[PDB]
Structures are given as structure tokens and as C-alpha cells.
>>> print(open('upload38.cif').read())   # mmCIF, C-alpha atoms and all ligand atoms; chains and numbers go by the auth columns
data_query
#
loop_
_atom_site.group_PDB
_atom_site.id
_atom_site.type_symbol
_atom_site.label_atom_id
_atom_site.label_comp_id
_atom_site.label_asym_id
_atom_site.label_seq_id
_atom_site.Cartn_x
_atom_site.Cartn_y
_atom_site.Cartn_z
_atom_site.B_iso_or_equiv
_atom_site.auth_seq_id
_atom_site.auth_asym_id
ATOM 1 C CA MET A 1 7.825 -5.995 12.314 0.00 1 A
ATOM 2 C CA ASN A 2 5.419 -7.113 9.654 0.00 2 A
ATOM 3 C CA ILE A 3 3.146 -5.976 6.838 0.00 3 A
ATOM 4 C CA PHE A 4 0.446 -4.771 9.210 0.00 4 A
ATOM 5 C CA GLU A 5 2.666 -2.634 11.309 0.00 5 A
ATOM 6 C CA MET A 6 4.505 -1.601 8.322 0.00 6 A
ATOM 7 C CA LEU A 7 1.390 -0.330 6.641 0.00 7 A
ATOM 8 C CA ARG A 8 -0.055 0.926 9.820 0.00 8 A
ATOM 9 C CA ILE A 9 2.931 3.144 9.991 0.00 9 A
ATOM 10 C CA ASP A 10 2.731 4.415 6.446 0.00 10 A
ATOM 11 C CA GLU A 11 -1.013 4.967 6.463 0.00 11 A
ATOM 12 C CA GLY A 12 -1.902 6.000 9.985 0.00 12 A
ATOM 13 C CA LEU A 13 -5.376 5.394 11.430 0.00 13 A
ATOM 14 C CA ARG A 14 -8.376 7.664 11.163 0.00 14 A
ATOM 15 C CA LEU A 15 -11.823 6.950 12.337 0.00 15 A
ATOM 16 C CA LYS A 16 -13.606 9.647 10.471 0.00 16 A
ATOM 17 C CA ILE A 17 -13.701 9.960 6.755 0.00 17 A
ATOM 18 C CA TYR A 18 -10.811 11.938 5.375 0.00 18 A
ATOM 19 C CA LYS A 19 -9.067 13.037 2.269 0.00 19 A
ATOM 20 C CA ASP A 20 -5.928 11.388 1.248 0.00 20 A
ATOM 21 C CA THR A 21 -2.821 12.829 -0.292 0.00 21 A
ATOM 22 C CA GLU A 22 -4.525 12.723 -3.697 0.00 22 A
ATOM 23 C CA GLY A 23 -7.687 14.109 -2.146 0.00 23 A
ATOM 24 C CA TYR A 24 -9.787 10.917 -2.070 0.00 24 A
ATOM 25 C CA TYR A 25 -12.182 10.028 0.542 0.00 25 A
ATOM 26 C CA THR A 26 -10.565 7.530 2.713 0.00 26 A
ATOM 27 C CA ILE A 27 -11.072 6.155 6.204 0.00 27 A
ATOM 28 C CA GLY A 28 -9.461 3.784 8.744 0.00 28 A
ATOM 29 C CA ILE A 29 -6.046 2.572 7.743 0.00 29 A
ATOM 30 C CA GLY A 30 -5.635 3.805 4.230 0.00 30 A
ATOM 31 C CA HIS A 31 -8.927 2.264 3.064 0.00 31 A
ATOM 32 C CA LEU A 32 -9.959 4.321 0.011 0.00 32 A
ATOM 33 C CA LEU A 33 -13.667 4.777 -0.110 0.00 33 A
ATOM 34 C CA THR A 34 -14.052 6.492 -3.392 0.00 34 A
ATOM 35 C CA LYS A 35 -12.321 8.450 -6.058 0.00 35 A
ATOM 36 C CA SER A 36 -15.375 10.679 -6.422 0.00 36 A
ATOM 37 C CA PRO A 37 -15.952 14.068 -4.850 0.00 37 A
ATOM 38 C CA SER A 38 -19.216 13.342 -3.132 0.00 38 A
ATOM 39 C CA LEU A 39 -19.056 12.957 0.545 0.00 39 A
ATOM 40 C CA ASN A 40 -22.337 11.288 0.185 0.00 40 A
ATOM 41 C CA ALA A 41 -20.912 8.840 -2.151 0.00 41 A
ATOM 42 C CA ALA A 42 -18.178 8.305 0.392 0.00 42 A
ATOM 43 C CA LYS A 43 -20.752 7.929 3.166 0.00 43 A
ATOM 44 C CA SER A 44 -22.661 5.447 1.094 0.00 44 A
ATOM 45 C CA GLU A 45 -19.537 3.484 0.144 0.00 45 A
ATOM 46 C CA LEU A 46 -18.672 3.497 3.793 0.00 46 A
ATOM 47 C CA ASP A 47 -22.082 2.255 4.970 0.00 47 A
ATOM 48 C CA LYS A 48 -22.150 -0.426 2.427 0.00 48 A
ATOM 49 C CA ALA A 49 -18.649 -1.475 3.522 0.00 49 A
ATOM 50 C CA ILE A 50 -19.396 -1.637 7.181 0.00 50 A
ATOM 51 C CA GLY A 51 -22.904 -2.955 6.951 0.00 51 A
ATOM 52 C CA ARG A 52 -24.485 -0.243 9.059 0.00 52 A
ATOM 53 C CA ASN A 53 -25.358 3.437 9.162 0.00 53 A
ATOM 54 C CA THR A 54 -22.055 4.888 10.101 0.00 54 A
ATOM 55 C CA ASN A 55 -22.673 8.540 9.815 0.00 55 A
ATOM 56 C CA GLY A 56 -19.055 8.806 8.514 0.00 56 A
ATOM 57 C CA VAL A 57 -17.644 7.367 11.717 0.00 57 A
ATOM 58 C CA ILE A 58 -16.336 3.871 12.426 0.00 58 A
ATOM 59 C CA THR A 59 -14.881 2.153 15.453 0.00 59 A
ATOM 60 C CA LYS A 60 -11.202 1.022 15.649 0.00 60 A
ATOM 61 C CA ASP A 61 -12.447 -2.510 15.407 0.00 61 A
ATOM 62 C CA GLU A 62 -14.280 -1.850 12.141 0.00 62 A
ATOM 63 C CA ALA A 63 -11.229 -0.069 10.849 0.00 63 A
ATOM 64 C CA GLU A 64 -9.042 -2.972 11.689 0.00 64 A
ATOM 65 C CA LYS A 65 -11.535 -5.129 10.083 0.00 65 A
ATOM 66 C CA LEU A 66 -11.315 -3.201 6.844 0.00 66 A
ATOM 67 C CA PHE A 67 -7.586 -3.296 7.142 0.00 67 A
ATOM 68 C CA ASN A 68 -7.412 -7.026 7.375 0.00 68 A
ATOM 69 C CA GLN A 69 -9.623 -7.392 4.360 0.00 69 A
ATOM 70 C CA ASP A 70 -7.522 -5.002 2.445 0.00 70 A
ATOM 71 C CA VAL A 71 -4.253 -6.618 3.272 0.00 71 A
ATOM 72 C CA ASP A 72 -5.645 -9.874 2.367 0.00 72 A
ATOM 73 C CA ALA A 73 -7.070 -8.606 -0.896 0.00 73 A
ATOM 74 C CA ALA A 74 -3.738 -7.172 -1.794 0.00 74 A
ATOM 75 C CA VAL A 75 -1.879 -10.391 -1.213 0.00 75 A
ATOM 76 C CA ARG A 76 -4.368 -12.206 -3.343 0.00 76 A
ATOM 77 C CA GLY A 77 -4.200 -9.567 -6.056 0.00 77 A
ATOM 78 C CA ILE A 78 -0.451 -10.040 -6.263 0.00 78 A
ATOM 79 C CA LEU A 79 -0.824 -13.783 -6.285 0.00 79 A
ATOM 80 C CA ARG A 80 -3.355 -13.617 -9.017 0.00 80 A
ATOM 81 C CA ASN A 81 -1.400 -11.166 -11.087 0.00 81 A
ATOM 82 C CA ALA A 82 0.758 -12.741 -13.734 0.00 82 A
ATOM 83 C CA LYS A 83 3.323 -10.037 -13.830 0.00 83 A
ATOM 84 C CA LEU A 84 3.404 -9.811 -10.113 0.00 84 A
ATOM 85 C CA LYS A 85 3.265 -13.327 -8.983 0.00 85 A
ATOM 86 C CA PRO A 86 6.575 -14.571 -10.058 0.00 86 A
ATOM 87 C CA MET A 87 8.042 -11.408 -8.766 0.00 87 A
ATOM 88 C CA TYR A 88 6.772 -11.940 -5.394 0.00 88 A
ATOM 89 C CA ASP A 89 7.873 -15.528 -5.466 0.00 89 A
ATOM 90 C CA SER A 90 11.436 -14.529 -6.180 0.00 90 A
ATOM 91 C CA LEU A 91 11.695 -12.284 -3.168 0.00 91 A
ATOM 92 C CA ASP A 92 12.630 -12.827 0.478 0.00 92 A
ATOM 93 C CA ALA A 93 10.093 -12.094 3.199 0.00 93 A
ATOM 94 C CA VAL A 94 10.970 -8.428 3.835 0.00 94 A
ATOM 95 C CA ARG A 95 11.067 -7.451 0.255 0.00 95 A
ATOM 96 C CA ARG A 96 7.690 -9.134 -0.191 0.00 96 A
ATOM 97 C CA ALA A 97 6.328 -6.810 2.391 0.00 97 A
ATOM 98 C CA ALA A 98 7.669 -3.957 0.332 0.00 98 A
ATOM 99 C CA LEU A 99 5.777 -5.194 -2.701 0.00 99 A
ATOM 100 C CA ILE A 100 2.609 -5.625 -0.767 0.00 100 A
ATOM 101 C CA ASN A 101 3.001 -2.059 0.545 0.00 101 A
ATOM 102 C CA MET A 102 3.223 -0.765 -2.984 0.00 102 A
ATOM 103 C CA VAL A 103 0.203 -2.770 -4.046 0.00 103 A
ATOM 104 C CA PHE A 104 -1.930 -1.587 -1.141 0.00 104 A
ATOM 105 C CA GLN A 105 -1.001 1.963 -1.987 0.00 105 A
ATOM 106 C CA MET A 106 -1.365 1.979 -5.672 0.00 106 A
ATOM 107 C CA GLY A 107 -3.112 -1.100 -6.871 0.00 107 A
ATOM 108 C CA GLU A 108 -1.846 -4.036 -8.828 0.00 108 A
ATOM 109 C CA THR A 109 -2.223 -2.040 -11.844 0.00 109 A
ATOM 110 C CA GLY A 110 -0.153 0.834 -10.627 0.00 110 A
ATOM 111 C CA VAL A 111 2.484 -1.492 -9.401 0.00 111 A
ATOM 112 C CA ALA A 112 2.504 -3.650 -12.476 0.00 112 A
ATOM 113 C CA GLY A 113 3.791 -0.506 -14.469 0.00 113 A
ATOM 114 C CA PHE A 114 7.105 -0.238 -12.679 0.00 114 A
ATOM 115 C CA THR A 115 8.083 -2.979 -15.081 0.00 115 A
ATOM 116 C CA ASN A 116 11.650 -1.903 -15.315 0.00 116 A
ATOM 117 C CA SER A 117 12.139 -1.746 -11.585 0.00 117 A
ATOM 118 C CA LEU A 118 10.424 -5.047 -11.216 0.00 118 A
ATOM 119 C CA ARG A 119 12.754 -6.481 -13.584 0.00 119 A
ATOM 120 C CA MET A 120 15.781 -5.228 -11.716 0.00 120 A
ATOM 121 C CA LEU A 121 14.199 -6.460 -8.619 0.00 121 A
ATOM 122 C CA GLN A 122 13.759 -9.786 -10.174 0.00 122 A
ATOM 123 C CA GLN A 123 17.440 -9.786 -11.040 0.00 123 A
ATOM 124 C CA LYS A 124 18.309 -8.897 -7.388 0.00 124 A
ATOM 125 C CA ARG A 125 20.086 -5.715 -8.463 0.00 125 A
ATOM 126 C CA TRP A 126 19.090 -3.731 -5.463 0.00 126 A
ATOM 127 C CA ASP A 127 20.911 -0.507 -5.966 0.00 127 A
ATOM 128 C CA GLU A 128 19.882 -0.194 -9.471 0.00 128 A
ATOM 129 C CA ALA A 129 16.250 -0.906 -8.792 0.00 129 A
ATOM 130 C CA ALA A 130 16.245 1.620 -5.988 0.00 130 A
ATOM 131 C CA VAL A 131 17.441 4.266 -8.354 0.00 131 A
ATOM 132 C CA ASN A 132 14.886 3.283 -10.937 0.00 132 A
ATOM 133 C CA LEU A 133 12.078 3.157 -8.401 0.00 133 A
ATOM 134 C CA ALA A 134 12.955 6.746 -7.509 0.00 134 A
ATOM 135 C CA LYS A 135 12.189 8.006 -11.012 0.00 135 A
ATOM 136 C CA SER A 136 8.499 8.041 -10.599 0.00 136 A
ATOM 137 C CA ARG A 137 5.579 10.152 -9.781 0.00 137 A
ATOM 138 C CA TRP A 138 5.116 7.987 -6.745 0.00 138 A
ATOM 139 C CA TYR A 139 8.400 8.990 -5.337 0.00 139 A
ATOM 140 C CA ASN A 140 7.895 12.638 -6.153 0.00 140 A
ATOM 141 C CA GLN A 141 4.488 12.874 -4.554 0.00 141 A
ATOM 142 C CA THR A 142 5.066 10.830 -1.440 0.00 142 A
ATOM 143 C CA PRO A 143 8.834 10.943 -1.059 0.00 143 A
ATOM 144 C CA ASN A 144 9.258 10.032 2.629 0.00 144 A
ATOM 145 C CA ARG A 145 7.079 6.995 2.316 0.00 145 A
ATOM 146 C CA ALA A 146 8.571 6.037 -0.925 0.00 146 A
ATOM 147 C CA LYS A 147 12.055 6.275 0.545 0.00 147 A
ATOM 148 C CA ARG A 148 10.976 3.870 3.225 0.00 148 A
ATOM 149 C CA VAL A 149 9.661 1.351 0.787 0.00 149 A
ATOM 150 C CA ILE A 150 12.610 1.750 -1.492 0.00 150 A
ATOM 151 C CA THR A 151 15.122 1.304 1.273 0.00 151 A
ATOM 152 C CA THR A 152 13.356 -1.888 2.188 0.00 152 A
ATOM 153 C CA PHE A 153 13.831 -3.184 -1.300 0.00 153 A
ATOM 154 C CA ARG A 154 17.441 -2.040 -1.351 0.00 154 A
ATOM 155 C CA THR A 155 18.354 -3.520 1.950 0.00 155 A
ATOM 156 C CA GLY A 156 16.142 -6.476 2.523 0.00 156 A
ATOM 157 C CA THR A 157 15.713 -5.120 6.151 0.00 157 A
ATOM 158 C CA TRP A 158 13.194 -3.163 8.288 0.00 158 A
ATOM 159 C CA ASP A 159 15.745 -0.397 8.955 0.00 159 A
ATOM 160 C CA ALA A 160 13.639 2.364 7.440 0.00 160 A
ATOM 161 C CA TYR A 161 10.921 1.478 9.882 0.00 161 A
ATOM 162 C CA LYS A 162 12.916 1.387 13.138 0.00 162 A
HETATM 163 CL CL CL B . -14.797 -3.522 0.952 0.00 201 B
HETATM 164 CL CL CL B . 5.141 10.428 2.173 0.00 202 B
#
>>> encode(input="upload38.cif", output="C-alpha cells", more="lines below")
Ligand SMILES: [Cl-]
Ligand SMILES: [Cl-]
Amino acid sequence: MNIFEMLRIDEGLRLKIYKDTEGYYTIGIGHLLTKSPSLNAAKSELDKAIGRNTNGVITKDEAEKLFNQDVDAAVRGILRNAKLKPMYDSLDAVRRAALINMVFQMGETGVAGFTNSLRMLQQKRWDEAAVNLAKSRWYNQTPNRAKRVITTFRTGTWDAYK
């Protein structure tokens, strides 16, 4: 298992524009198009992203393409982030995936605010961090997914995904 599969599991795959759990126009594998309410804006964002007139519909290939860019962007965001970088560096490979998952889902920014959890994570206090991660909007809004991520951090394994 790896970050791609991991995220592919948490995000699913949709070839037509859709609304996410927050109600944002999204497409492919969790690729947010826009936070605005215009489907036109979403269609425009989409066309601009794909480089063609999509008509709100993309092929699996295109989707996977977006996905790759997004994963990559995320990694780089982490690596460029000063609060995140050293965090990431301290972790083992699985746990890194967990961090990436969080970043893909909620942005560097979002993630950077779990400062207390990060800190526990940094200290390798898994149970404690898990508990602390749970006290968040994130957990309350997308509990199942969050439990998966959180278990990953707690355990250092892919158990929640098998
Ligand atoms: Cl893009
Ligand atoms: Cl969920």
C-alpha cells in the first residue's frame, strides 16, 4: 500500500464534477476545483486545469494526471513548510503517508494548526496524539476517514486500510 492507493481509497474517483463533503466543486480524485458556488467557475477552473474544453467531464487518465500533480504538490508543500518539514522528517514511512493524507485533504495551512498533535507526534507519543487529533472539527465532520488516518499515526501500520 502507498500514498496513492491510500488516498485513492479515502477520496474515491469521479469523472464528472461533484460536490464534496463541504459542498465544493471537486472532480477526479479529490481534486478541489473551487470554493465558489458557480458551476461555471468550476467548469472554467476545470478547463483551465485540463487544457481543453471538458464540458465538466474528464477521462480517467486526466483524473490520474491531476492526482499525480496533487500528490506531488502536497509533498512539496510539506517539504517547503517550516512547521511541517521537520515533522515529516521525524516520521517513518507509513506515518509520513498519514501526514501527506492530511495535507492533501486540508492544506498545509489546515494541517499546520494541529500544532499540539504535531508536537505529540514529534515526540512519538502515539496514543496521546491520537486522542488529541480526535478533538477537532476534522474528526467530527469526516469521522470514518479521520479514524483511518489517526489509526495510521497511532500504529505506524496500514491496518486501517486493509
Ligand atoms: Cl492544477
Ligand atoms: Cl469520512
>>> closest_residue(input="upload38.cif", among="A:59, A:109, A:54, A:36", to="residue 77 in chain A", atoms="only C-alpha atoms")
A:109
>>> closest_residue(input="upload38.cif", among="A:111, A:74, A:94, A:149", to="ligand CL 201 (chain B)", atoms="all atoms listed in the file")
A:74
>>> residues_near_ligand(input="upload38.cif", ligand="ligand CL 202 (chain B)", cutoff="10 Å", atoms="all atoms listed in the file", output="list in words")
residues 10, 11, 21, 138, 139, 140, 141, 142, 143, 144, 145, 146, 147 and 148 of chain A
>>> atom_distance(input="upload38.cif", atom1="CA of residue 28 in chain A", atom2="CA of residue 15 in chain A")
5.3 Å
>>> residues_near_point(input="upload38.cif", point="(-11.2, 12.0, 1.1)", cutoff="12 Å", atoms="only C-alpha atoms", output="NGL selection string")
:A and (14 or 16-28 or 30-43 or 45-46 or 56)
>>> write_last_selection(input="upload38.cif", atoms="C-alpha atoms", output="short mmCIF file (atom, residue, chain, number, x, y, z; two decimals), in the frame of the given file")
data_model
loop_
_atom_site.label_atom_id
_atom_site.label_comp_id
_atom_site.auth_asym_id
_atom_site.auth_seq_id
_atom_site.Cartn_x
_atom_site.Cartn_y
_atom_site.Cartn_z
CA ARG A 14 -8.38 7.66 11.16
CA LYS A 16 -13.61 9.65 10.47
CA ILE A 17 -13.70 9.96 6.76
CA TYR A 18 -10.81 11.94 5.38
CA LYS A 19 -9.07 13.04 2.27
CA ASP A 20 -5.93 11.39 1.25
CA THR A 21 -2.82 12.83 -0.29
CA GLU A 22 -4.53 12.72 -3.70
CA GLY A 23 -7.69 14.11 -2.15
CA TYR A 24 -9.79 10.92 -2.07
CA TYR A 25 -12.18 10.03 0.54
CA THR A 26 -10.56 7.53 2.71
CA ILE A 27 -11.07 6.16 6.20
CA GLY A 28 -9.46 3.78 8.74
CA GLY A 30 -5.64 3.80 4.23
CA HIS A 31 -8.93 2.26 3.06
CA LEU A 32 -9.96 4.32 0.01
CA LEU A 33 -13.67 4.78 -0.11
CA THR A 34 -14.05 6.49 -3.39
CA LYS A 35 -12.32 8.45 -6.06
CA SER A 36 -15.38 10.68 -6.42
CA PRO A 37 -15.95 14.07 -4.85
CA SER A 38 -19.22 13.34 -3.13
CA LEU A 39 -19.06 12.96 0.55
CA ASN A 40 -22.34 11.29 0.18
CA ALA A 41 -20.91 8.84 -2.15
CA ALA A 42 -18.18 8.30 0.39
CA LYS A 43 -20.75 7.93 3.17
CA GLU A 45 -19.54 3.48 0.14
CA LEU A 46 -18.67 3.50 3.79
CA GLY A 56 -19.06 8.81 8.51
#
>>> residues_near_ligand(input="upload38.cif", ligand="ligand CL 201 (chain B)", cutoff="8 Å", atoms="only C-alpha atoms and all ligand atoms", output="number ranges by chain")
A: 49-50, 66, 69-70
>>> atom_distance(input="upload38.cif", atom1="CA of residue 126 in chain A", atom2="CA of residue 154 in chain A")
4.7 Å
>>> resolve_selection(input="upload38.cif", expression="the PyMOL selection byres (((chain A and resi 159) around 12) and not hetatm)", output="PyMOL selection string")
chain A and resi 1+6+94+147-158+160-162
>>> atom_distance(input="upload38.cif", atom1="CA of residue 29 in chain A", atom2="CA of residue 63 in chain A")
6.6 Å
>>> resolve_selection(input="upload38.cif", expression="the PyMOL selection byres (((chain A and resi 101) around 10) and not hetatm)", output="VMD selection string")
chain A and resid 3 to 4 6 to 7 10 71 74 to 75 95 to 100 102 to 107 111 146 149
>>> resolve_selection(input="upload38.cif", expression="the PyMOL selection byres (((chain A and resi 122) around 9) and not hetatm)", output="count of residues only")
13
>>> axis_aligned_box(input="upload38.cif", around="range 48-65 of chain A", padding_each_side="6 Å", output="lines of an AutoDock Vina configuration file")
center_x = -17.2
center_y = 1.8
center_z = 9.0
size_x = 28.3
size_y = 25.9
size_z = 25.2
